[PDB]
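Reproduced below: run-v4.cif, with mmCIF, C-alpha atoms.
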```
data_structure
loop_
_atom_site.group_PDB
_atom_site.id
_atom_site.type_symbol
_atom_site.label_atom_id
_atom_site.label_comp_id
_atom_site.auth_asym_id
_atom_site.auth_seq_id
_atom_site.Cartn_x
_atom_site.Cartn_y
_atom_site.Cartn_z
ATOM 1 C CA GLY A 1 -20.957 -17.221 2.357
ATOM 2 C CA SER A 2 -19.482 -18.564 -0.829
ATOM 3 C CA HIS A 3 -21.384 -16.773 -3.588
ATOM 4 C CA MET A 4 -19.105 -13.739 -4.054
ATOM 5 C CA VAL A 5 -17.920 -14.930 -7.436
ATOM 6 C CA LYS A 6 -21.554 -15.200 -8.432
ATOM 7 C CA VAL A 7 -22.142 -11.781 -7.001
ATOM 8 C CA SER A 8 -19.101 -10.137 -8.672
ATOM 9 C CA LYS A 9 -19.763 -11.881 -12.016
ATOM 10 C CA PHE A 10 -23.315 -10.660 -11.780
ATOM 11 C CA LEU A 11 -22.491 -7.111 -10.931
ATOM 12 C CA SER A 12 -20.036 -7.012 -13.738
ATOM 13 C CA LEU A 13 -22.704 -8.459 -16.082
ATOM 14 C CA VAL A 14 -25.499 -6.076 -15.223
ATOM 15 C CA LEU A 15 -23.513 -2.963 -15.347
ATOM 16 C CA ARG A 16 -21.988 -3.850 -18.746
ATOM 17 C CA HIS A 17 -24.351 -5.782 -21.003
ATOM 18 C CA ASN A 18 -27.943 -5.701 -20.284
ATOM 19 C CA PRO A 19 -28.549 -3.729 -17.108
ATOM 20 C CA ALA A 20 -32.224 -3.778 -17.893
ATOM 21 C CA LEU A 21 -32.140 -7.398 -16.993
ATOM 22 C CA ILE A 22 -32.911 -6.890 -13.308
ATOM 23 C CA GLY A 23 -34.848 -3.700 -13.354
ATOM 24 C CA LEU A 24 -31.599 -1.909 -13.055
ATOM 25 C CA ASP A 25 -30.510 0.341 -15.805
ATOM 26 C CA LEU A 26 -27.284 2.040 -16.864
ATOM 27 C CA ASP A 27 -26.826 5.805 -16.695
ATOM 28 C CA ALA A 28 -25.462 8.015 -19.439
ATOM 29 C CA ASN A 29 -21.812 7.943 -18.351
ATOM 30 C CA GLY A 30 -21.977 4.249 -17.628
ATOM 31 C CA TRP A 31 -23.156 4.113 -14.061
ATOM 32 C CA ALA A 32 -26.072 2.780 -12.100
ATOM 33 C CA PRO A 33 -27.705 3.934 -8.865
ATOM 34 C CA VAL A 34 -26.336 1.667 -6.219
ATOM 35 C CA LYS A 35 -29.637 1.875 -4.291
ATOM 36 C CA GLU A 36 -31.309 0.424 -7.357
ATOM 37 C CA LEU A 37 -28.954 -2.538 -7.180
ATOM 38 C CA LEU A 38 -28.912 -2.930 -3.351
ATOM 39 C CA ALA A 39 -32.622 -3.113 -2.882
ATOM 40 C CA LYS A 40 -33.351 -4.978 -6.076
ATOM 41 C CA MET A 41 -30.594 -7.599 -5.901
ATOM 42 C CA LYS A 42 -31.489 -8.173 -2.252
ATOM 43 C CA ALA A 43 -35.154 -8.575 -3.250
ATOM 44 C CA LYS A 44 -34.005 -10.996 -5.906
ATOM 45 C CA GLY A 45 -33.157 -13.319 -3.029
ATOM 46 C CA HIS A 46 -29.441 -12.670 -2.875
ATOM 47 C CA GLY A 47 -29.474 -10.617 0.320
ATOM 48 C CA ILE A 48 -27.337 -7.757 -0.836
ATOM 49 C CA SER A 49 -26.905 -5.241 1.912
ATOM 50 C CA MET A 50 -24.792 -2.198 1.224
ATOM 51 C CA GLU A 51 -22.098 -3.550 3.505
ATOM 52 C CA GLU A 52 -22.109 -6.650 1.288
ATOM 53 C CA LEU A 53 -21.966 -4.954 -2.054
ATOM 54 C CA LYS A 54 -19.222 -2.479 -0.928
ATOM 55 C CA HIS A 55 -17.339 -5.593 0.154
ATOM 56 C CA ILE A 56 -17.535 -6.921 -3.411
ATOM 57 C CA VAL A 57 -16.759 -3.636 -5.141
ATOM 58 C CA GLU A 58 -13.899 -2.488 -2.965
ATOM 59 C CA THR A 59 -12.329 -5.747 -1.885
ATOM 60 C CA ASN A 60 -13.020 -8.099 -4.765
ATOM 61 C CA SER A 61 -13.464 -6.120 -7.893
ATOM 62 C CA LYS A 62 -12.248 -2.450 -8.243
ATOM 63 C CA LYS A 63 -10.917 -2.632 -11.836
ATOM 64 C CA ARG A 64 -13.798 -4.869 -12.814
ATOM 65 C CA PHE A 65 -16.635 -3.380 -10.879
ATOM 66 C CA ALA A 66 -16.095 0.168 -9.909
ATOM 67 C CA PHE A 67 -17.913 2.214 -7.402
ATOM 68 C CA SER A 68 -18.289 5.858 -6.788
ATOM 69 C CA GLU A 69 -15.869 6.973 -4.074
ATOM 70 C CA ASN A 70 -18.980 8.381 -2.432
ATOM 71 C CA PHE A 71 -20.655 4.950 -2.977
ATOM 72 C CA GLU A 72 -23.773 6.386 -4.774
ATOM 73 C CA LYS A 73 -23.291 4.718 -8.091
ATOM 74 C CA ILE A 74 -21.751 1.538 -9.325
ATOM 75 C CA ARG A 75 -20.441 0.513 -12.693
ATOM 76 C CA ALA A 76 -18.656 -2.325 -14.254
ATOM 77 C CA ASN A 77 -16.065 -1.823 -16.858
ATOM 78 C CA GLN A 78 -14.948 -5.225 -18.029
ATOM 79 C CA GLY A 79 -13.305 -6.245 -21.205
ATOM 80 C CA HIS A 80 -10.586 -7.369 -18.911
ATOM 81 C CA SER A 81 -9.723 -11.030 -19.458
ATOM 82 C CA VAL A 82 -6.624 -10.843 -17.304
ATOM 83 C CA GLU A 83 -6.123 -12.693 -14.024
ATOM 84 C CA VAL A 84 -8.951 -10.983 -12.242
ATOM 85 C CA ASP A 85 -8.713 -13.789 -9.639
ATOM 86 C CA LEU A 86 -11.732 -13.353 -7.525
ATOM 87 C CA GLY A 87 -10.258 -14.397 -4.200
ATOM 88 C CA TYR A 88 -8.789 -17.410 -5.908
ATOM 89 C CA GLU A 89 -6.084 -18.034 -8.469
ATOM 90 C CA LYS A 90 -7.095 -18.236 -12.080
ATOM 91 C CA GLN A 91 -4.782 -19.700 -14.633
ATOM 92 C CA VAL A 92 -5.784 -18.455 -18.040
ATOM 93 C CA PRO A 93 -4.820 -20.618 -21.069
ATOM 94 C CA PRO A 94 -4.552 -19.103 -24.641
ATOM 95 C CA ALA A 95 -8.098 -18.816 -25.991
ATOM 96 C CA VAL A 96 -10.416 -21.635 -24.955
ATOM 97 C CA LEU A 97 -10.823 -24.609 -22.571
ATOM 98 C CA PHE A 98 -12.044 -27.871 -23.901
ATOM 99 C CA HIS A 99 -13.947 -29.879 -21.340
ATOM 100 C CA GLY A 100 -14.895 -33.388 -22.048
ATOM 101 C CA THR A 101 -17.733 -35.052 -20.304
ATOM 102 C CA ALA A 102 -19.926 -37.965 -21.436
ATOM 103 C CA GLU A 103 -22.755 -37.271 -23.777
ATOM 104 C CA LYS A 104 -24.984 -39.073 -21.236
ATOM 105 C CA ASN A 105 -24.478 -35.926 -19.184
ATOM 106 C CA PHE A 106 -25.539 -33.793 -22.225
ATOM 107 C CA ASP A 107 -29.072 -32.972 -20.985
ATOM 108 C CA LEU A 108 -27.847 -31.807 -17.670
ATOM 109 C CA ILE A 109 -24.907 -29.973 -19.270
ATOM 110 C CA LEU A 110 -27.035 -28.048 -21.697
ATOM 111 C CA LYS A 111 -29.825 -27.159 -19.309
ATOM 112 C CA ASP A 112 -28.110 -26.631 -16.025
ATOM 113 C CA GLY A 113 -24.537 -26.174 -17.215
ATOM 114 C CA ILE A 114 -21.216 -27.654 -16.204
ATOM 115 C CA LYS A 115 -21.995 -28.299 -12.590
ATOM 116 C CA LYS A 116 -22.114 -31.169 -10.118
ATOM 117 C CA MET A 117 -21.570 -29.977 -6.568
ATOM 118 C CA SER A 118 -20.011 -26.828 -7.766
ATOM 119 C CA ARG A 119 -19.423 -23.689 -5.746
ATOM 120 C CA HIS A 120 -15.779 -24.340 -5.453
ATOM 121 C CA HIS A 121 -13.793 -26.931 -7.477
ATOM 122 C CA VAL A 122 -15.697 -28.827 -10.222
ATOM 123 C CA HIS A 123 -13.908 -30.512 -13.179
ATOM 124 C CA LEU A 124 -12.795 -28.617 -16.280
ATOM 125 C CA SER A 125 -10.059 -29.298 -18.829
ATOM 126 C CA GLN A 126 -7.803 -27.344 -21.172
ATOM 127 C CA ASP A 127 -7.389 -29.384 -24.334
ATOM 128 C CA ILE A 128 -9.365 -31.899 -26.338
ATOM 129 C CA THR A 129 -6.556 -34.227 -25.357
ATOM 130 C CA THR A 130 -7.604 -33.967 -21.775
ATOM 131 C CA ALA A 131 -11.298 -33.756 -22.767
ATOM 132 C CA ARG A 132 -11.101 -37.139 -24.348
ATOM 133 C CA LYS A 133 -8.742 -38.577 -21.709
ATOM 134 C CA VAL A 134 -10.859 -37.630 -18.707
ATOM 135 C CA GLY A 135 -13.987 -38.628 -20.542
ATOM 136 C CA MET A 136 -12.535 -42.131 -21.155
ATOM 137 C CA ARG A 137 -13.879 -42.710 -17.656
ATOM 138 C CA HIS A 138 -17.286 -42.999 -19.341
ATOM 139 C CA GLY A 139 -16.801 -43.418 -23.090
ATOM 140 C CA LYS A 140 -17.262 -40.594 -25.513
ATOM 141 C CA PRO A 141 -16.883 -37.157 -23.912
ATOM 142 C CA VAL A 142 -18.569 -34.372 -25.710
ATOM 143 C CA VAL A 143 -16.184 -31.460 -25.904
ATOM 144 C CA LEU A 144 -17.600 -28.380 -24.251
ATOM 145 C CA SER A 145 -15.470 -25.543 -25.527
ATOM 146 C CA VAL A 146 -15.602 -22.692 -23.017
ATOM 147 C CA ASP A 147 -13.799 -19.432 -23.693
ATOM 148 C CA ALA A 148 -10.997 -18.698 -21.209
ATOM 149 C CA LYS A 149 -10.942 -14.995 -21.884
ATOM 150 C CA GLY A 150 -14.680 -14.620 -21.672
ATOM 151 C CA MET A 151 -14.826 -16.589 -18.448
ATOM 152 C CA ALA A 152 -11.903 -14.787 -16.822
ATOM 153 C CA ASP A 153 -13.403 -11.427 -17.730
ATOM 154 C CA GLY A 154 -16.976 -12.302 -16.912
ATOM 155 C CA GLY A 155 -16.161 -13.362 -13.408
ATOM 156 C CA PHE A 156 -16.082 -17.082 -13.666
ATOM 157 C CA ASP A 157 -13.234 -18.534 -11.700
ATOM 158 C CA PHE A 158 -11.072 -21.429 -12.568
ATOM 159 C CA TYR A 159 -8.083 -23.003 -10.939
ATOM 160 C CA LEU A 160 -5.272 -25.197 -12.039
ATOM 161 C CA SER A 161 -4.612 -28.591 -10.617
ATOM 162 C CA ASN A 162 -1.048 -29.726 -9.943
ATOM 163 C CA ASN A 163 -1.682 -32.406 -12.562
ATOM 164 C CA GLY A 164 -2.687 -29.946 -15.286
ATOM 165 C CA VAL A 165 -6.407 -30.330 -14.759
ATOM 166 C CA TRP A 166 -8.619 -27.292 -14.589
ATOM 167 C CA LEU A 167 -11.202 -26.720 -12.008
ATOM 168 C CA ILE A 168 -14.056 -24.421 -12.534
ATOM 169 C CA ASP A 169 -16.839 -23.020 -10.420
ATOM 170 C CA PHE A 170 -19.372 -23.375 -13.160
ATOM 171 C CA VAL A 171 -19.763 -22.680 -16.823
ATOM 172 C CA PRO A 172 -23.203 -22.154 -18.427
ATOM 173 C CA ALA A 173 -23.820 -24.260 -21.559
ATOM 174 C CA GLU A 174 -25.693 -21.149 -22.527
ATOM 175 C CA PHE A 175 -22.289 -19.576 -23.117
ATOM 176 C CA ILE A 176 -20.367 -22.737 -24.008
ATOM 177 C CA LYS A 177 -19.720 -23.757 -27.553
ATOM 178 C CA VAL A 178 -20.814 -27.346 -27.529
#
```
Same coordinates, now as structure tokens:
Amino acid sequence: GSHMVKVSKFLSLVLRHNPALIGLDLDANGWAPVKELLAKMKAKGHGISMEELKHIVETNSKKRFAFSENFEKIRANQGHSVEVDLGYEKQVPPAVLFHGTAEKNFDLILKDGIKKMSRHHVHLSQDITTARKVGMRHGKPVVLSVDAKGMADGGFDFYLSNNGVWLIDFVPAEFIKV
């Protein structure tokens, strides 16, 4: 099902920043017992079977999320804000993306994040120009400044519209610079 970006982002997150977050922890050379992840992340209600996680490590990630060749440990390297393109095509602008959306959406934005029916293709924008322009649909868009490099690296995917619009999966206000 479509949650592999959420899975890969996650896996990258846990094995890089705060592994302790899920009961998982990082080893001395920057690894983690895969069995720790498989059982735990499954138990977390994400149904990770080993067949599933190998699928993410080997097919989707590799340079991002590495795996022992013997599949015992997993790790995530990151610091790689290149076109990671997690099964999609990410177009990475210079530094940041400015997304405008009405300040009547502010509560929802800040709590839940930039999301509507997201999973694949929700609205994002590159410049304040577009932020304002798209937000003219309501009035005064608040400019959610989301980092392109951070998002690309973290495992958040974003596409480019033929018109020059950006489409995102989702961006947490928790990470956005409102």
* Tell me, as a PyMOL selection string, which residues lie within 8 Å of residue A:131, counting all atoms listed in the file; anything in the same chain fewer than 3 positions away does not count. => chain A and resi 98-101+125-128+134-135+141-143
Pick from A:114, A:4, A:43, A:148: nearest to residue A:22, with all atoms listed in the file counted?
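Checking each of A:114, A:4, A:43, A:148 against residue A:22, counting all atoms listed in the file, the winner is A:43.
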For the provided coordinates, the residues matched by the PyMOL selection byres ((chain A and resi 104) around 10) should be stated as a PDB file with C-alpha atoms, keeping the file's coordinate frame.
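Below is the file out-v5.pdb, written as the result:
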```
ATOM      1  CA  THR A 101     -17.733 -35.052 -20.304  1.00  0.00           C
ATOM      2  CA  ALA A 102     -19.926 -37.965 -21.436  1.00  0.00           C
ATOM      3  CA  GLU A 103     -22.755 -37.271 -23.777  1.00  0.00           C
ATOM      4  CA  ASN A 105     -24.478 -35.926 -19.184  1.00  0.00           C
ATOM      5  CA  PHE A 106     -25.539 -33.793 -22.225  1.00  0.00           C
ATOM      6  CA  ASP A 107     -29.072 -32.972 -20.985  1.00  0.00           C
ATOM      7  CA  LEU A 108     -27.847 -31.807 -17.670  1.00  0.00           C
ATOM      8  CA  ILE A 109     -24.907 -29.973 -19.270  1.00  0.00           C
ATOM      9  CA  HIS A 138     -17.286 -42.999 -19.341  1.00  0.00           C
ATOM     10  CA  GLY A 139     -16.801 -43.418 -23.090  1.00  0.00           C
ATOM     11  CA  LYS A 140     -17.262 -40.594 -25.513  1.00  0.00           C
ATOM     12  CA  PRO A 141     -16.883 -37.157 -23.912  1.00  0.00           C
ATOM     13  CA  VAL A 142     -18.569 -34.372 -25.710  1.00  0.00           C
TER      14      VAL A 142
END
```
Task: Close residues, residue A:21 itself excluded, 12 Å, all atoms listed in the file, min 2 positions apart in chain, as JSON, numbers by chain - done: {"A": [10, 11, 13, 14, 15, 16, 17, 18, 19, 23, 24, 25, 26, 37, 40, 41, 44]}
Contact residues around residue A:158 with all atoms listed in the file at 10 Å, ignoring same-chain residues under 2 positions, as a PDB file with C-alpha atoms, in the frame of the given file:
```pdb
ATOM      1  CA  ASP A  85      -8.713 -13.789  -9.639  1.00  0.00           C
ATOM      2  CA  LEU A  86     -11.732 -13.353  -7.525  1.00  0.00           C
ATOM      3  CA  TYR A  88      -8.789 -17.410  -5.908  1.00  0.00           C
ATOM      4  CA  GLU A  89      -6.084 -18.034  -8.469  1.00  0.00           C
ATOM      5  CA  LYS A  90      -7.095 -18.236 -12.080  1.00  0.00           C
ATOM      6  CA  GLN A  91      -4.782 -19.700 -14.633  1.00  0.00           C
ATOM      7  CA  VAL A  92      -5.784 -18.455 -18.040  1.00  0.00           C
ATOM      8  CA  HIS A 120     -15.779 -24.340  -5.453  1.00  0.00           C
ATOM      9  CA  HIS A 121     -13.793 -26.931  -7.477  1.00  0.00           C
ATOM     10  CA  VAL A 122     -15.697 -28.827 -10.222  1.00  0.00           C
ATOM     11  CA  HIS A 123     -13.908 -30.512 -13.179  1.00  0.00           C
ATOM     12  CA  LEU A 124     -12.795 -28.617 -16.280  1.00  0.00           C
ATOM     13  CA  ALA A 148     -10.997 -18.698 -21.209  1.00  0.00           C
ATOM     14  CA  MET A 151     -14.826 -16.589 -18.448  1.00  0.00           C
ATOM     15  CA  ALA A 152     -11.903 -14.787 -16.822  1.00  0.00           C
ATOM     16  CA  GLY A 155     -16.161 -13.362 -13.408  1.00  0.00           C
ATOM     17  CA  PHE A 156     -16.082 -17.082 -13.666  1.00  0.00           C
ATOM     18  CA  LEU A 160      -5.272 -25.197 -12.039  1.00  0.00           C
ATOM     19  CA  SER A 161      -4.612 -28.591 -10.617  1.00  0.00           C
ATOM     20  CA  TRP A 166      -8.619 -27.292 -14.589  1.00  0.00           C
ATOM     21  CA  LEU A 167     -11.202 -26.720 -12.008  1.00  0.00           C
ATOM     22  CA  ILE A 168     -14.056 -24.421 -12.534  1.00  0.00           C
ATOM     23  CA  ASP A 169     -16.839 -23.020 -10.420  1.00  0.00           C
ATOM     24  CA  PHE A 170     -19.372 -23.375 -13.160  1.00  0.00           C
ATOM     25  CA  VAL A 171     -19.763 -22.680 -16.823  1.00  0.00           C
TER      26      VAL A 171
END
```
Apply the PyMOL selection byres ((chain A and resi 31) around 7) to the file shown and report the selected residues as a list in words.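 Applied to this file, the PyMOL selection byres ((chain A and resi 31) around 7) returns residues 26, 27, 29, 30, 32, 33, 73, 74 and 75 of chain A.
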Suppose we keep C-alpha atoms; can you now write the selection as a PDB file, in the frame of the given file?
```pdb
ATOM      1  CA  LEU A  26     -27.284   2.040 -16.864  1.00  0.00           C
ATOM      2  CA  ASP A  27     -26.826   5.805 -16.695  1.00  0.00           C
ATOM      3  CA  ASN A  29     -21.812   7.943 -18.351  1.00  0.00           C
ATOM      4  CA  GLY A  30     -21.977   4.249 -17.628  1.00  0.00           C
ATOM      5  CA  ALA A  32     -26.072   2.780 -12.100  1.00  0.00           C
ATOM      6  CA  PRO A  33     -27.705   3.934  -8.865  1.00  0.00           C
ATOM      7  CA  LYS A  73     -23.291   4.718  -8.091  1.00  0.00           C
ATOM      8  CA  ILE A  74     -21.751   1.538  -9.325  1.00  0.00           C
ATOM      9  CA  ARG A  75     -20.441   0.513 -12.693  1.00  0.00           C
TER      10      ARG A  75
END
```
